[PDB]
Amino acid sequence: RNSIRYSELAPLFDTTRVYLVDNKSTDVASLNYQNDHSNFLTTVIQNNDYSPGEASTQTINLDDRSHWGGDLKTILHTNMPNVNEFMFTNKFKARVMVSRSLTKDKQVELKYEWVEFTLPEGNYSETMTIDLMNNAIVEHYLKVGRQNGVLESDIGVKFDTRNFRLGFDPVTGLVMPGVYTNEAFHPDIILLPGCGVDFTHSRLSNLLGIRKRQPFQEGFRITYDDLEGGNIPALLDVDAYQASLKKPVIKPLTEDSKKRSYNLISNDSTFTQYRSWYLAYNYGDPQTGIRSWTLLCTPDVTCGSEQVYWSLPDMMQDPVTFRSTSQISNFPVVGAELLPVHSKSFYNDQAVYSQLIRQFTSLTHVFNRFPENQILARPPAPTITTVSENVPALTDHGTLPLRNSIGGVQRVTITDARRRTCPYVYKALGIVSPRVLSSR
Amino acid sequence: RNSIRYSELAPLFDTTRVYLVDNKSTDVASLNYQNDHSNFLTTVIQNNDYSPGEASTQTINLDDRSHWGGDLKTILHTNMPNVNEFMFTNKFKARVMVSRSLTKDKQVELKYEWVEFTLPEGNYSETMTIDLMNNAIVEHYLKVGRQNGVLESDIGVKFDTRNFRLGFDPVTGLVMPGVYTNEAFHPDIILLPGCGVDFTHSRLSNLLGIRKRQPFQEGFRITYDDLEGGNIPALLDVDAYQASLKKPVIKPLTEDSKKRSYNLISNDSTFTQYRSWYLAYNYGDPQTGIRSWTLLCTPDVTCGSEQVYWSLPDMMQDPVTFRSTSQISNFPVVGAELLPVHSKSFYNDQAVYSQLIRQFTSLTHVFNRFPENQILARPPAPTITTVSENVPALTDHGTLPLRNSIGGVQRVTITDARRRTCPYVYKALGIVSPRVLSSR
Amino acid sequence: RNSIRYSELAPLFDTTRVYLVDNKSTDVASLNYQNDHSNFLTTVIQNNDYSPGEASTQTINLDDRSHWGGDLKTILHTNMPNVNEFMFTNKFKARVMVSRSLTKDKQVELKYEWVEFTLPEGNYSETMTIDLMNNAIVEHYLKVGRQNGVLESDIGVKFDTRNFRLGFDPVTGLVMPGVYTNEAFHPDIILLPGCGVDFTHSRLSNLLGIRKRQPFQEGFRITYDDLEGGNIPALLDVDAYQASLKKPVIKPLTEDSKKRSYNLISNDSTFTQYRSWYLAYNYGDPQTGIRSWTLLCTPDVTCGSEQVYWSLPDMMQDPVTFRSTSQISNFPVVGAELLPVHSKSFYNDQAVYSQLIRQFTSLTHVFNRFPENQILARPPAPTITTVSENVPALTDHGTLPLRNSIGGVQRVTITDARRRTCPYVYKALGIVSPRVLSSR
Amino acid sequence: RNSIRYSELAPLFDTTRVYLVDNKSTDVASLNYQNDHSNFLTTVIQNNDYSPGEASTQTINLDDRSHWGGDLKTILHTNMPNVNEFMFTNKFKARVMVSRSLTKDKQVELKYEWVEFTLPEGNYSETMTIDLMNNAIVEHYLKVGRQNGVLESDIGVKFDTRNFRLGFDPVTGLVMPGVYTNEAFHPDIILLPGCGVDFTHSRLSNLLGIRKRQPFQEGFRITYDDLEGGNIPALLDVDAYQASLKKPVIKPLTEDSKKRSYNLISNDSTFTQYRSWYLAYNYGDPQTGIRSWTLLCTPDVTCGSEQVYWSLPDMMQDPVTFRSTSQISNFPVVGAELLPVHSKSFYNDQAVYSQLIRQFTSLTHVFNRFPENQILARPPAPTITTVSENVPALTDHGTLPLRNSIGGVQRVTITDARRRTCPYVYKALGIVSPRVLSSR
Amino acid sequence: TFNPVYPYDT
Amino acid sequence: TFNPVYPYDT
Amino acid sequence: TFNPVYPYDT
Amino acid sequence: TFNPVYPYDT
Amino acid sequence: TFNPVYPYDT
């Protein structure tokens, strides 16, 4: 009526457990080899005698007269890096200045080009991720920039995280303090005329916390031109003003120590040519600015909760509309589950008291190369850093229909959103508990 | 009896799984486009052949002879900012002084007006949120105040967080220490004669931790006049008293460095014209004061746990009393769930040892502009800051009735309390597992 | 057989969902007004047409031929303060000295009296709560003590948190170090002859971590007399002893800077008149001391996990023995749940290195007024502070019986242990899913 | 029909509870003795009379006419060390230099050999674990290295955690800063010519966060030869260059204080003979380098979530294909569960500001023995340390078939992946609740 | 003869 | 007569 | 004329 | 000629 | 000849 028979052993009734597990010493040796914990074979047999493979011949038979089903809970555990190549978090296109030249007697010829910089897999934490990006912009300048004109003064594109506009005085037209108040509010990207960044093929966008208000329109390009209204205002010549006590004030600090120009639009304007995203969003025209088509969001280092799909092709019936095949990247799905990664949050009031000390701690100002320029400076570390953290996930799918004849060797397969094994799985295993559902 | 048929594939029995998911490469391209993760279409088909849309023609049929239902668990993930425009946490009305004038020979003409200040989306943490508010009060004074008389001495409205009354001596009538003990206890709002604040259209109220004891009476206005009994007492002239060793004591420090007046009611009284909410609450008449109609509550940065409602118009039967429609903002609801945001709490004994150091860390005293005035000073950072943090929510709704003919394309929709898509959704997807419930 | 009918809409079968929610824009306007999130009305109707109230006329009918029941999960969220009046954590009676007088030629007349001090709602954290208490003892002395004789030297009652007995030498009879080792172990309360404290009407007791071994005997009074054996030993005259190198030693420091007496019992004894609870507990007679009827327990700031009861008078059948009534404070109960408050624990090795720095951070020694007296000093901050933290609670009650005719307007009510609405509820809402249970 | 009888007591019906527990005072005395909490006996009897053993005679009988099953939830609690011998985390083979000699007139004879170093069980935290490893490399050099030639200059194999390549200038061919930027990015292992490490028999590999892209091919050997492309570049002679202001630059610092050679390949090249894994991975040929067959992963101190299997040989029926035996290491399995260990993550910006202070805190530079050599230096402590933490696990297995005659003494057994008791179990106990499933 | 009850010195 | 509203001294 | 792009002074 | 392998200076 | 067992110096 509801048996469960196996080769030659006492028949069992009503229910039991078949175990899908990678570890088994025997099968690892033989079976999987060129496989990994995301696409492997395993014997469900569990009987000490019998050579695996020869096991493959045997079968667990759930009484034929009834349609069976089984509860499937699984234990999935990864250890995927915040920033890696497979997830698309190690690359990102941006347009920078390539050459600054003296041409055809009087012309200033500026040549800009798009280029894709890559990051060294792993390096978690958001802030640091920013830094690694800024550094990659530089590392490039080091291989092309300088040796083709282009000064530091005109480095296009830099990810910062502050509100260049806190000091700002509605009359002066300047950041009175003479310094862009060094506190971190949200990541944003700053651009110089003519350049900009593109994330079309990168989840890092999600790390900065900047998304399109219309996601499905593939094409994340944020040009200098887009950051309308909201160019970082200029600094008051704190020195002049004070010493001068008319009043100098109108004097908008044009350079800095080591004399770098703050590219001011004209000898008059209080504004600089440096455009900030964060500004355009909440300080620019809400109806036509950038706030119109992009959204200011919480960072999230994981870069985006993605899901993984399970499949047990040789043991569960194929769900409603999937068709059975043998193409690993199209197997039927039997369970979906978010990919095991969380955002742990911490507190480091030590940030920026630490950037200050961190710089001495790290024997180099590698990230802060321009410790004077109020722009190109090293963005403030925000209190509350986030870090992707891997965690085992004791998930639980529902009862799923089973085949009344379970093969000795079952194939287990965890796929990702785009349907492809996921290299970062360290442990995957599931427990199935069959039971009756109705009869034929 | 209980089949589950699809186009031309083997019939399935008893149960299975239909998946509602946004990601699918095909549909994103075609279908949604002008949509977002809170109002999108998706094919439930999952069959590799067939052009989406042409998929739309097909249908999953749950045996007609029985009434089906399906378990619906979902995975929702947002990343909404502590302070943003859509949630109503970036604005707040307050009444400040606009002009101080010398008029009609002997009259002192004070003109006050209401005005709505806005904040720059994002900027989490409660303390800092306070600061951003205080700053907005200022930023306004900078554009209207000064250039119309009104000194700093008479800046109306400032959010602080301390107990101006710890030093207080029941005889002296003064805060003996000569300083308002610089420790943070709870946010409160201080007012000058004639002004005050209004939160009628803002959840920030909930951030300060001040609520009406009768919520539903739309209208949160807290006037200076309301803060009866409980005007910040004055400071002992620590210098005079000591040097003088009758005893000066009665001397209540009238100004401070850079000479700002502490607006004392009269040449006699030990009290200042500055009224504090926090005082009125626990130091004023309990029967008629403010403690009568407002409640001192725990802060909470999220500004208020709000819920979101799901709806699968084309797949579930319409719950008891909802009527079926096509107006996105009235679809039937099938599941309610709190909007994925928590209050992580941290410890920063570094607060106020940090405000002290934070000021040097941040190259500007932007928030502390009046580092002498014991009132207008920068509120102490409280130990234990809170920060809204986004978290994926693996929720689980119950079994819901299904239509016996599930369309190829289902429409998914997450709405908010007021019934409107929620821009801050990054990932939404659900798994439905149909099963029999009874027969016709 | 198992329908579910509504006015004039297609009948639904087997199950569905009725939603109890406060937010609804319509009902808030009309219905509740003078109510709050703990006692409100709401329409279950959910049909866009129909004026609420007129909605009230309609009804959801669960087929009559069967007894129905519904699963009731709810979402409760508060934000109640650690210390507030409603929970009984803002008051506490203690007996202090009122007057010290020179009488009838040679008599020293000491007059003691009981008095109830109150705290300013909110002020979380345990340590700080202690401080606020000690401060209230003082604040009183400031209004009565001094101006009636009584010196600081003889201030009765002070909550501390250290083991006055670590230095102690079994021979010397003194705390050799000349200082009561400044580390925090557990809160305790110290008393002078004749005085003491009473918590009979306060949960703060639970905050100090001192409970009766026989709870139900209403009456928590802890007299000086009770703290038998275990009077804080005295300090070695570190100065004398050393400089003197017989050996002075026997010299038990009688005062301190600013000359305050350590009330030593006699010119001989090494013990002081100051009695400590913590001492009596583990250093006094275990059979007759205080350890006999009180228990040393873990602090816990929440002051005591209390529960709240739900009630849906107009929608669920009245549970076994409750009788139906209309007295809000006796409605039948359908679900119990702990009141949403947890004890988050942190680490601040910064404690006492911070009290040391905290005192400079806070521009006043408001809490440490007697920085010399080894007793009246400011208790050490313990590493590991606790803080009540509010958290949304996604609870789940079981299936409960329903009435076969659900009214258009249901009344929701969350009560507390003593049966009274709870002002601190910000959000309450529940989802009910009816389903058959048997037939008539 | 569905009774449950016992010796001579009233029959019980439908269900009840049998308890499997180790603690019992009686049985511990007699029964187990030479056993442990992972392989013990226990009486299910629970009847105060009757000598255990004599209890063993009795039996709980579940009505014979029906096939029973029981829900089995268990409470498992361990306390296994991050690094211990049983889990294979205290050993690890590496190949180091043994002897440096002057031979046969002009030959430099280098003799290398493999050797297995062990660690002192316990010592959690990842960083520190690294250190303990590096130290073991040294401790060996101390017993063989020096006393056979080989200088410190040529110590093969050292686990570090930084990106020797941040300073790097694409033109100079040197790390301009003159210092390998002291910040931690990911663990990696550095090798000198001729040597290397092997983890074939160790999970520490998983601690470093370096795994094979093809796990099942037993054999983790990472030779110097493998770390192709990606030898730590050399340092700029910061001193020369500066003082010299042609420009020296080309000068690649050959030694350091205490004169140790940085083994530069030739008098010309800017590269050193030191090869870094981390470099090869993301800086070397992606198609043939190491990134081809190894994967950069998140650390994880637990070394690898392993599972444990339960078995109640004398109480549950043997699951599908297991055969009943008496060989403790082959008992049938009835439940699988991950071994109770998690990765708690913390923040210590104090790292490397602490290594700096930690060295003075620890009265010895035991781990930093070569505080000058930019390589052999002590790796930077990474912000965010991980620590294996033991946690009780309230797991829940499903209903499992039972024998209709439960013996007085049941045998409980928790096994591990390889099938062997696990010494680290402190508490194991389960609750079984039988109930009917069908009849015979 | 008034005790401010506050150590002004330090 | 212009208030920068900023304590430049400190 | 070579920019090391690094503030060696500090 | 014995290397203690320990920087005693600092 | 009494050991206070306490390093008073430091």
# chains A, B, ... in the order shown; residues from 1 in each chain; ligands from 1

call {"tool": "residues_around", "arguments": {"residues": "residue A:351", "least_positions_apart": "2", "cutoff": "12 Å", "atoms": "only C-alpha atoms", "output": "PyMOL selection string"}}
result
(chain A and resi 127-128+182-184+346-349+353-359+379-385) or (chain B and resi 348+350+354+357-358+361-362) or (chain D and resi 347-350+383)

call {"tool": "calpha_fit_and_write", "arguments": {"fixed": "chain H", "moving": "chain E", "output": "PDB file with C-alpha atoms, in the first residue's frame"}}
result
ATOM      1  CA  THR E   1      78.611  33.475  16.423  1.00  0.00           C
ATOM      2  CA  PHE E   2      75.194  32.796  17.994  1.00  0.00           C
ATOM      3  CA  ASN E   3      72.005  34.262  16.514  1.00  0.00           C
ATOM      4  CA  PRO E   4      69.424  34.711  19.344  1.00  0.00           C
ATOM      5  CA  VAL E   5      67.096  35.735  16.542  1.00  0.00           C
ATOM      6  CA  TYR E   6      65.580  38.536  18.557  1.00  0.00           C
ATOM      7  CA  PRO E   7      66.007  42.316  18.177  1.00  0.00           C
ATOM      8  CA  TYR E   8      67.026  43.147  21.792  1.00  0.00           C
ATOM      9  CA  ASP E   9      67.599  46.765  20.690  1.00  0.00           C
ATOM     10  CA  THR E  10      63.907  47.914  20.607  1.00  0.00           C
TER      11      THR E  10
END

call {"tool": "atom_distance", "arguments": {"atom1": "atom CA of residue A:15", "atom2": "atom CA of residue D:402"}}
result
10.9 Å

call {"tool": "residues_around", "arguments": {"residues": "stretch 389-396 of chain D", "least_positions_apart": "3", "cutoff": "12 Å", "atoms": "only C-alpha atoms", "output": "PyMOL selection string"}}
result
(chain A and resi 73+394+396) or (chain D and resi 70-83+122+124-125+300-302+310+334-345+386+399-400+424-432)

call {"tool": "residues_around", "arguments": {"residues": "stretch 96-107 of chain B", "least_positions_apart": "3", "cutoff": "7 Å", "atoms": "only C-alpha atoms", "output": "PyMOL selection string"}}
result
chain B and resi 110-114+144-145+148-150+155-157+195

call {"tool": "write_last_selection", "arguments": {"atoms": "N, CA, C and O atoms", "output": "JSON list (two decimals), in the first residue's frame"}}
result
[["chain", "number", "residue", "atom", "x", "y", "z"],
["B", 110, "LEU", "N", 9.82, 92.38, 16.57],
["B", 110, "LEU", "CA", 10.22, 91.01, 16.30],
["B", 110, "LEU", "C", 9.23, 90.35, 15.37],
["B", 110, "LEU", "O", 8.03, 90.28, 15.66],
["B", 111, "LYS", "N", 9.73, 89.87, 14.23],
["B", 111, "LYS", "CA", 8.89, 89.20, 13.26],
["B", 111, "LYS", "C", 9.32, 87.74, 13.12],
["B", 111, "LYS", "O", 10.46, 87.44, 12.75],
["B", 112, "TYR", "N", 8.38, 86.84, 13.43],
["B", 112, "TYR", "CA", 8.62, 85.41, 13.35],
["B", 112, "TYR", "C", 7.79, 84.80, 12.23],
["B", 112, "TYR", "O", 6.72, 85.31, 11.89],
["B", 113, "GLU", "N", 8.28, 83.70, 11.65],
["B", 113, "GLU", "CA", 7.55, 83.03, 10.57],
["B", 113, "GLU", "C", 7.87, 81.53, 10.52],
["B", 113, "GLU", "O", 8.92, 81.08, 10.98],
["B", 114, "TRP", "N", 6.94, 80.75, 9.97],
["B", 114, "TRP", "CA", 7.14, 79.31, 9.85],
["B", 114, "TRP", "C", 7.88, 79.05, 8.58],
["B", 114, "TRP", "O", 7.66, 79.72, 7.57],
["B", 144, "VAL", "N", 18.68, 84.48, 5.85],
["B", 144, "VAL", "CA", 17.66, 85.45, 6.17],
["B", 144, "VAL", "C", 17.89, 86.14, 7.50],
["B", 144, "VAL", "O", 17.82, 87.36, 7.60],
["B", 145, "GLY", "N", 18.16, 85.34, 8.52],
["B", 145, "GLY", "CA", 18.38, 85.89, 9.85],
["B", 145, "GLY", "C", 19.25, 87.13, 9.93],
["B", 145, "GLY", "O", 18.74, 88.25, 9.91],
["B", 148, "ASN", "N", 18.88, 90.83, 8.53],
["B", 148, "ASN", "CA", 17.58, 91.39, 8.82],
["B", 148, "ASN", "C", 17.50, 91.64, 10.32],
["B", 148, "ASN", "O", 16.43, 91.65, 10.91],
["B", 149, "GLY", "N", 18.67, 91.84, 10.91],
["B", 149, "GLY", "CA", 18.75, 92.10, 12.33],
["B", 149, "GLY", "C", 19.17, 90.85, 13.08],
["B", 149, "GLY", "O", 20.33, 90.46, 13.07],
["B", 150, "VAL", "N", 18.18, 90.23, 13.71],
["B", 150, "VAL", "CA", 18.35, 89.01, 14.49],
["B", 150, "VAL", "C", 19.77, 88.47, 14.68],
["B", 150, "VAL", "O", 20.43, 88.01, 13.75],
["B", 155, "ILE", "N", 18.52, 83.06, 18.44],
["B", 155, "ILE", "CA", 18.18, 82.05, 17.44],
["B", 155, "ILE", "C", 17.12, 81.16, 18.05],
["B", 155, "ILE", "O", 17.37, 80.48, 19.04],
["B", 156, "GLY", "N", 15.93, 81.15, 17.45],
["B", 156, "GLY", "CA", 14.86, 80.33, 17.99],
["B", 156, "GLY", "C", 14.86, 78.89, 17.50],
["B", 156, "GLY", "O", 15.00, 78.63, 16.30],
["B", 157, "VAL", "N", 14.70, 77.94, 18.42],
["B", 157, "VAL", "CA", 14.67, 76.52, 18.04],
["B", 157, "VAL", "C", 16.00, 75.82, 17.84],
["B", 157, "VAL", "O", 16.74, 76.08, 16.89],
["B", 195, "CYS", "N", 8.73, 81.33, 19.15],
["B", 195, "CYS", "CA", 8.87, 80.34, 18.08],
["B", 195, "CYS", "C", 8.47, 78.91, 18.47],
["B", 195, "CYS", "O", 7.81, 78.70, 19.49]]

call {"tool": "select_by_dssp", "arguments": {"residues": "stretch 122-356 of chain C", "states": "strand (DSSP E or B)", "output": "number ranges by chain"}}
result
C: 122, 158-162, 174-175, 184-191, 196-198, 210-212, 221-223, 231-236, 252, 264, 271-276, 294-296, 307-310, 316, 335-338, 341-345

call {"tool": "closest_residue", "arguments": {"among": "D:177, D:193, D:120, D:167", "to": "residue A:135", "atoms": "only C-alpha atoms"}}
result
D:167

call {"tool": "closest_atom_pairs", "arguments": {"of": "chain B", "to": "chain E", "cutoff": "12 Å", "atoms": "only C-alpha atoms", "output": "CSV"}}
result
residue,atom,partner,partner_atom,distance
B:167,CA,E:6,CA,9.4
B:168,CA,E:4,CA,10.4
B:169,CA,E:4,CA,8.0
B:170,CA,E:4,CA,10.7
B:171,CA,E:4,CA,9.8
B:172,CA,E:4,CA,8.9
B:173,CA,E:4,CA,11.8
B:174,CA,E:4,CA,10.7
B:175,CA,E:4,CA,10.3
B:176,CA,E:4,CA,7.2
B:177,CA,E:6,CA,7.5
B:178,CA,E:8,CA,10.0
B:179,CA,E:8,CA,11.9
B:236,CA,E:4,CA,10.9
B:238,CA,E:8,CA,8.7
B:239,CA,E:8,CA,10.5
B:241,CA,E:8,CA,10.7
B:242,CA,E:8,CA,8.5
B:243,CA,E:8,CA,11.8
B:245,CA,E:1,CA,11.9
B:246,CA,E:1,CA,9.8
B:247,CA,E:2,CA,9.3
B:249,CA,E:4,CA,10.0

call {"tool": "select_by_dssp", "arguments": {"residues": "stretch 129-242 of chain A", "states": "helix (DSSP H, G or I)", "output": "short mmCIF file (atom, residue, chain, number, x, y, z; two decimals) with N, CA, C and O atoms, in the first residue's frame"}}
result
data_model
loop_
_atom_site.label_atom_id
_atom_site.label_comp_id
_atom_site.auth_asym_id
_atom_site.auth_seq_id
_atom_site.Cartn_x
_atom_site.Cartn_y
_atom_site.Cartn_z
N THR A 129 36.97 49.45 -0.18
CA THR A 129 36.66 49.14 -1.56
C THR A 129 36.70 50.41 -2.37
O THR A 129 37.15 50.42 -3.51
N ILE A 130 36.20 51.48 -1.77
CA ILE A 130 36.20 52.76 -2.45
C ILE A 130 37.65 53.05 -2.76
O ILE A 130 38.04 53.18 -3.91
N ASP A 131 38.45 53.13 -1.71
CA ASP A 131 39.87 53.40 -1.82
C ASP A 131 40.54 52.62 -2.94
O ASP A 131 41.27 53.19 -3.75
N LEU A 132 40.29 51.31 -2.98
CA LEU A 132 40.89 50.48 -4.00
C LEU A 132 40.50 50.96 -5.38
O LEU A 132 41.27 50.86 -6.33
N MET A 133 39.29 51.50 -5.48
CA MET A 133 38.83 52.03 -6.75
C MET A 133 39.61 53.30 -7.06
O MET A 133 40.28 53.38 -8.08
N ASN A 134 39.53 54.28 -6.17
CA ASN A 134 40.27 55.51 -6.39
C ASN A 134 41.70 55.20 -6.77
O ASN A 134 42.25 55.80 -7.70
N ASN A 135 42.30 54.24 -6.07
CA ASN A 135 43.67 53.84 -6.36
C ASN A 135 43.83 53.34 -7.78
O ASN A 135 44.82 53.60 -8.44
N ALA A 136 42.85 52.59 -8.27
CA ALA A 136 42.94 52.08 -9.62
C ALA A 136 42.88 53.21 -10.64
O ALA A 136 43.43 53.10 -11.73
N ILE A 137 42.18 54.29 -10.30
CA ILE A 137 42.09 55.43 -11.21
C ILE A 137 43.51 55.96 -11.34
O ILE A 137 43.99 56.22 -12.44
N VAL A 138 44.15 56.11 -10.18
CA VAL A 138 45.51 56.59 -10.08
C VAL A 138 46.48 55.66 -10.81
O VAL A 138 47.15 56.07 -11.75
N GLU A 139 46.56 54.42 -10.36
CA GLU A 139 47.45 53.44 -10.96
C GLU A 139 47.48 53.53 -12.47
O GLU A 139 48.50 53.23 -13.10
N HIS A 140 46.37 53.96 -13.04
CA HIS A 140 46.26 54.12 -14.47
C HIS A 140 46.97 55.40 -14.89
O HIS A 140 47.75 55.41 -15.84
N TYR A 141 46.67 56.48 -14.19
CA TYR A 141 47.31 57.76 -14.45
C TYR A 141 48.82 57.54 -14.43
O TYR A 141 49.55 58.12 -15.23
N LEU A 142 49.27 56.70 -13.50
CA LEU A 142 50.69 56.40 -13.40
C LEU A 142 51.24 55.71 -14.62
O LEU A 142 52.43 55.79 -14.88
N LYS A 143 50.39 55.02 -15.37
CA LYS A 143 50.88 54.32 -16.55
C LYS A 143 50.58 55.05 -17.85
O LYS A 143 51.09 54.68 -18.90
N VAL A 144 49.76 56.08 -17.77
CA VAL A 144 49.43 56.80 -18.98
C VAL A 144 49.32 58.30 -18.78
O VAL A 144 49.88 59.08 -19.55
N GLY A 145 48.58 58.69 -17.75
CA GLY A 145 48.39 60.09 -17.47
C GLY A 145 49.62 60.98 -17.58
O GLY A 145 49.89 61.56 -18.63
N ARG A 146 50.35 61.09 -16.48
CA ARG A 146 51.53 61.95 -16.43
C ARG A 146 52.37 61.89 -17.70
O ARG A 146 52.68 62.93 -18.31
N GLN A 147 52.74 60.69 -18.12
CA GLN A 147 53.57 60.60 -19.30
C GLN A 147 52.87 60.92 -20.60
O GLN A 147 53.08 60.26 -21.61
N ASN A 148 52.04 61.96 -20.57
CA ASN A 148 51.31 62.38 -21.74
C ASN A 148 50.67 63.72 -21.44
O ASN A 148 49.64 64.10 -22.00
N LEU A 204 29.32 46.90 -8.47
CA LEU A 204 29.92 47.87 -7.56
C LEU A 204 28.99 49.05 -7.41
O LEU A 204 28.96 49.69 -6.38
N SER A 205 28.23 49.33 -8.46
CA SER A 205 27.28 50.41 -8.40
C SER A 205 26.51 50.27 -7.09
O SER A 205 26.45 51.19 -6.27
N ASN A 206 25.93 49.10 -6.90
CA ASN A 206 25.17 48.81 -5.71
C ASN A 206 25.98 49.00 -4.43
O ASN A 206 25.40 49.18 -3.36
N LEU A 207 27.30 48.95 -4.53
CA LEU A 207 28.14 49.14 -3.35
C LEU A 207 28.19 50.60 -2.98
O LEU A 207 28.22 50.94 -1.81
N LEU A 208 28.23 51.46 -3.99
CA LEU A 208 28.26 52.89 -3.76
C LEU A 208 26.91 53.35 -3.25
O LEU A 208 26.79 54.39 -2.60
N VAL A 238 40.71 81.47 3.72
CA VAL A 238 40.78 81.68 5.16
C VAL A 238 41.95 82.58 5.57
O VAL A 238 41.78 83.50 6.38
N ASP A 239 43.13 82.32 5.02
CA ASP A 239 44.31 83.12 5.36
C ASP A 239 44.13 84.60 5.01
O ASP A 239 44.21 85.46 5.89
N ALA A 240 43.87 84.88 3.74
CA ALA A 240 43.67 86.25 3.29
C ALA A 240 42.65 86.97 4.17
O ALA A 240 42.99 87.92 4.86
N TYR A 241 41.41 86.50 4.14
CA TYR A 241 40.33 87.08 4.94
C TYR A 241 40.79 87.51 6.34
O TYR A 241 40.73 88.70 6.68
N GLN A 242 41.26 86.55 7.14
CA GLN A 242 41.72 86.84 8.51
C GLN A 242 42.83 87.88 8.59
O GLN A 242 42.67 88.92 9.24
#

call {"tool": "closest_residue", "arguments": {"among": "C:265, C:437, C:363, C:190", "to": "chain B", "atoms": "only C-alpha atoms"}}
result
C:363

call {"tool": "atom_distance", "arguments": {"atom1": "atom CA of residue C:4", "atom2": "atom CA of residue C:433"}}
result
11.8 Å

call {"tool": "residues_around", "arguments": {"residues": "residue A:64", "least_positions_apart": "4", "cutoff": "12 Å", "atoms": "only C-alpha atoms", "output": "PyMOL selection string"}}
result
chain A and resi 1-5+60+68+402-406+436+438-440

call {"tool": "atom_distance", "arguments": {"atom1": "atom CA of residue A:26", "atom2": "atom CA of residue A:413"}}
result
19.5 Å

call {"tool": "decode", "arguments": {"residues": "stretch 158-164 of chain A", "atoms": "N, CA and C atoms", "output": "compact mmCIF listing (two decimals), in the first residue's frame"}}
result
# COMPACT_ATOMS: atom_id res chain seq x y z
N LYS A 158 36.72 60.63 -9.25
CA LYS A 158 37.20 60.21 -7.96
C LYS A 158 36.00 59.97 -7.08
N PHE A 159 35.99 58.81 -6.43
CA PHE A 159 34.91 58.44 -5.54
C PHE A 159 35.27 58.97 -4.18
N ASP A 160 34.36 59.75 -3.61
CA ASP A 160 34.55 60.35 -2.31
C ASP A 160 33.32 59.94 -1.52
N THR A 161 33.12 60.55 -0.36
CA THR A 161 31.99 60.22 0.47
C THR A 161 31.57 61.37 1.37
N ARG A 162 31.75 62.62 0.94
CA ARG A 162 31.34 63.71 1.81
C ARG A 162 30.50 64.75 1.14
N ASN A 163 29.92 65.62 1.97
CA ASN A 163 29.04 66.66 1.49
C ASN A 163 29.75 67.96 1.23
N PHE A 164 30.43 68.05 0.09
CA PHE A 164 31.13 69.28 -0.26
C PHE A 164 30.08 70.36 -0.34
